[PDB]
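*Asks:* Experimental coordinates follow, after the sequence.
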Amino acid sequence: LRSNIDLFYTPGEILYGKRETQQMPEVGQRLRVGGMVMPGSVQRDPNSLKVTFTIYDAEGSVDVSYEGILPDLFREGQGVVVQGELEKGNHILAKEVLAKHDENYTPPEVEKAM
């Protein structure tokens, strides 16, 4: 199947199969995944920007480690997007976390590489 940039999964598709059976990701790879943050799941380090949360949908759930400056929109019970790398089973090392605030990403060849 095609569409969008990169690939993507969900908290069903990382466990059950990508939207039919297209493949499963590598425990060695980078990927992206939307899901709804479970309430209460978001632990954050009392002294650090580390997070641990779970994201689910009407199907299954996955865990997320993130560490860093979290979207100020990110909330307990909204439909976020993760991206980063597969940890082990159904857990993602997020590398950014996004709060479905549309997002766009300006490339290099505009800012200071015109």
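*Replies:* Right, received. Where do you want to start? Numbers count the residues shown, from 1 in each chain.

*Asks:* Which stretches in the protein count as strands?
*Replies:* Counting by DSSP state E, the chain has strands at residues 30-37, 43-44, 50-56, 61-67, 79-86, 91-94.

*Asks:* Dump the ones you listed into JSON lines; add distance to residue 19 and mean neighbour count as well.
*Replies:* C-beta coordinates here come from the backbone N, C-alpha and C atoms, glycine included. Listed next are those as JSON lines, based on distance: least, CB to CB, whole Å; neighbours: other CB atoms under 10 Å:
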{"stretch": "strand 30-37", "distance to residue 19": "13", "mean neighbour count": "20"}
{"stretch": "strand 43-44", "distance to residue 19": "31", "mean neighbour count": "12"}
{"stretch": "strand 50-56", "distance to residue 19": "17", "mean neighbour count": "19"}
{"stretch": "strand 61-67", "distance to residue 19": "16", "mean neighbour count": "20"}
{"stretch": "strand 79-86", "distance to residue 19": "17", "mean neighbour count": "20"}
{"stretch": "strand 91-94", "distance to residue 19": "18", "mean neighbour count": "22"}
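
*Asks:* is it possible to export these to JSON lines including distance to residue 14?
*Replies:* Formatted as JSON lines, these follow (distance: least, CB to CB, whole Å):
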{"stretch": "strand 30-37", "distance to residue 14": "7"}
{"stretch": "strand 43-44", "distance to residue 14": "21"}
{"stretch": "strand 50-56", "distance to residue 14": "10"}
{"stretch": "strand 61-67", "distance to residue 14": "5"}
{"stretch": "strand 79-86", "distance to residue 14": "8"}
{"stretch": "strand 91-94", "distance to residue 14": "8"}
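
*Asks:* and of these, who's closest to residue 101?
*Replies:* Across these, the minimum distance to residue 101, taken as CB to CB, is reached by strand 79-86, at 9.6 Å.
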